[PDB]
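Listed next as structure tokens: two forms of one protein chain, kept apart as structure 1 and structure 2.
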Structure 1
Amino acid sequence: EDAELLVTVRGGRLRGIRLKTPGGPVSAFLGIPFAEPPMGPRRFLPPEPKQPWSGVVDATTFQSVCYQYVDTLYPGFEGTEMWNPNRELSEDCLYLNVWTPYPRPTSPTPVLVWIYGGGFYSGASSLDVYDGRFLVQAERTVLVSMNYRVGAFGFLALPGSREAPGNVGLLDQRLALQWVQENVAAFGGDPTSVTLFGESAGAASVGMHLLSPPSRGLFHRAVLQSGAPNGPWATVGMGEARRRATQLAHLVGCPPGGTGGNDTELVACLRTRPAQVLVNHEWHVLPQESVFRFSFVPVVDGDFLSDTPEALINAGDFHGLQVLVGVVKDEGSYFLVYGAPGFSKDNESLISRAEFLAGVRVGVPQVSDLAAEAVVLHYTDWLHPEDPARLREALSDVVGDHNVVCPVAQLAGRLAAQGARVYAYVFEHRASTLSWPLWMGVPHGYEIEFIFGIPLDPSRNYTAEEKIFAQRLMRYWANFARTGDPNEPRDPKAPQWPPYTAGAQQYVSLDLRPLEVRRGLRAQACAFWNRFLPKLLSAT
């Protein structure tokens, strides 16, 4: 066997598996049940801890993916299907994974906890791009990742009722963090040095745990990659969440006409429907034709979030907190092929002036015609108002700034100015093996493979420079997980990474070149979104 592939946790015994890397082996415990399967009468309900089990639970392979929509925009395409489920779908999906170095650390080791993205409607901890064997081997860290319910199963909310309170997907993540506090020591991990890190919707989830008191005590550092809780997509109002849950119920025949109405009968009817039936009508509850908008997201209910994320961020005291935030160079390009007219991954997407004006309404839905004109003014080069190439990158900036860059910059500034230690970055390396078209540049989500050391995989065709670049990034993330500072603790050889402040607004660029310090995360563009445009929407 291996003596270290057998571990006892509070619920029972487990048997892991050894993973091979070019640098050495790693012990992995994949598919650990941390919650009772949220099935039958437990659909839409908060999770319960997994009851203890007899015998040895097999933890040698990833468990099922939570029921979710499957992307079909480009069948057979690597760029889209790398995010699709790689295990079979099931509501029995509340399982987590633990990577630990070999040999097992004898002293408490800092813990990294991954939260996958996917717009709160998709994602899985089993994706190949989340393989934590290279990050754990190269940095001797303990890596944990969990599955959480997405879509209606995780975020359908009838606010007020007990049958569908909403945010149960966030509670799934919290329970996995409580499991980490109670069991990560058995794997050699320090429960007093837990660093959350996630991307997109996962980064937004990490931010909502900062703003939730019960979750705040379960971790000590946070990393938010291309996402923030205060974005225009990460939360939804109580009234709007009720309308979508009612609309989804209507699309699946709930309630049976004309018997029913209240929330008890509505959720009871939803529980009888097969899981695939609810998924098949998920996108048909959104209010508009739009991109970067998702049907079932965290709801501002007063429970998990006592107020809106914007309100909690402004009134928050973040002393004793270290945050690492950042974005990719082209946040909006990935989302333009999902609705913006004239865009296609198979041509160069040289859109016309008319298509640009139409795409602004898709990228910025629910804004007055005056608000859209303010967006057109700010993102139009008036020396070349018709140039298709410039218009293509302009709409990409519109979607990326409105949804990612400016929500992140507003959070990074408020955190630093209110006690938190903040480090900011911009990822500017396009992978040599990237399958998306060249005009997308560095799309959203394609820094993850370098954070997890995927270039080190010998079965892949990365360059030698990308392998060294991946190791330097893993050093940054691990140093931040250990010390709270991505700079190497005793090393001025490489240039330093200065903290991000509300005044200087310093960040570093992450590419093959050495670190380069810059100032302002699109300060002029984000002043339009964060300062002026709210005033324009107030006076309709």
Structure 2
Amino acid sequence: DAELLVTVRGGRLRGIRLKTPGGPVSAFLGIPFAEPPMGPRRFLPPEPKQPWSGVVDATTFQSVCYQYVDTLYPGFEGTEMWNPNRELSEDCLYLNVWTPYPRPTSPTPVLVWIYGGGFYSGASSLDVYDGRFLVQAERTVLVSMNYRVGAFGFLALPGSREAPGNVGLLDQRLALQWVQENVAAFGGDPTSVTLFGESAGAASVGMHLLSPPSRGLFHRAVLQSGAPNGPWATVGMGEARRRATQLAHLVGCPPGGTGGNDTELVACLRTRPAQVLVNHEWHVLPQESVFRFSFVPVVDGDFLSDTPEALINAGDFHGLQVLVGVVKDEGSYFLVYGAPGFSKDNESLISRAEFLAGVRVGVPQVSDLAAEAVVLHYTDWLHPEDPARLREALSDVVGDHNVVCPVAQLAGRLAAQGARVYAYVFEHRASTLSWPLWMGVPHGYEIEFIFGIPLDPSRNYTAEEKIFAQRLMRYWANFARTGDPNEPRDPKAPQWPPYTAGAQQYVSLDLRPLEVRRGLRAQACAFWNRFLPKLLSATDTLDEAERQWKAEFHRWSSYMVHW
């Protein structure tokens, strides 16, 4: 075996060798890094794993954190890709290391993966998150970790010691602390740790940039199709107390006061089986919406000092290099979750009537006048009725609101405040794809290429896609290594320039070589980031004034019934 035996601070580990077409890899999977967050420890921040006698079995992925299983489309190929492979447990706090073969002699750059899934789902075990190709190809160390999701990770009762919220992000931190201690045992270099995440994963990465307690734990960030300042990534304190109290209520838990609240609430909440908690998860979502999740990070003053957008503007970002991007059709897949017209089984050619309706679903909690504004902008007024154009439109609406425009605002604010930033649009549809053509390149389908999954011989990927992934892994590795993706020096391949606030350049990642484009959905984002709030603000002080007018006409009307 040569070296599948490794000793980290807690104890000894036994790993497994993994085959790749290029060579081999040493993987150590399921390394416990926190005390199992069960019983009294549910909802509580992670305590570090006590050290162990014996040799820990690190030959296999540990069980997936307890979560909802998305089963809209039973037995569908492209839907079980993201579904939990290992069994479900609350005892799920484990991490995974892929290091080259043989273990490198000098300390080498580390990549740490944080998965997405709305903070309601996800696992480091998923076959698309296998680090063996990326490690074999770029000869760097890759670490991924499980973190608590759903209520188990994000249920907050802001200001209580028994459920303070954000523990899911604490899990992520604890693993990074583990990384500083134990990553050298694998040839890793705790002075060159680059965070990369996608979706909520990307939103997490962003929150670690914003929380000072984490800043000493990494040196670079990559945000894929997500941002800590997106509308679905954070919830207020008031709002999360409501959601957790509703969940408590559904599940049968009295609040009140003599000792607790809220200690007696959370105490009762821990007696509940995990499934009972997950059964009632989606009830607590306020509105009609798509791309919204019940339990997400809270702005509590603790982990996040202020709201992500606030911290973003204020922050100094010198000495940071961050790589940001999005897929071509971010919004597309979500519309099958209740936008009238959409299914994965027809070309979702919506009628204008269906367009207008879904605008209210894709953009939740907005006054009438606001959705008028979304329509105005996202309508081709030369083809208002055209069904294909209306389909792409509601898909850009959902994409721009949730992903492309939060990311674009961030990347501007960073770049202009000290960070060297590089932006990309990943616009290549996988040939192995199993979803309808109208979805295009949907949310999360760049991931399988970054991890060089095309190289897997069992998988039916094309030759130029294999090459594509290798180009992509190199881009990413050159980042983690140097904080610049475009090679050490300049080959014959076109150069990827930093995204800045003015020129706003970015690159297009598809089979064709790097094309530089100026403008990241610039015109759309002006609406979302600059104009819309000045509007919503007014409709807010107008829905307060139409409310005072019905109260003042109710008493007026009664003075008439007397007459």
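Definition used throughout: the rigid core is the maximal C-alpha set that superposes within 1.5 Å between two forms. Numbering for residues begins at 1 and runs along the sequence of structure 1.
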query: From 419, 302, 256, 385, residue displaced between structure 1 and structure 2 - CA threshold 2 Å or more, rigid core; finding: 256
query: Did residue 55 shift 2 Å or more between structure 1 and structure 2, C-alpha, core superposed; finding: no
query: Threshold 2 Å Cα movement between structure 1 and structure 2 for residue 491, core superposed; finding: yes
query: Core-referenced Cα shift (Å), residue 351, between structure 1 and structure 2; finding: 0.6
query: Angstrom shift of the Cα atom of residue 339 between structure 1 and structure 2 (superposition on rigid core); finding: 1.3
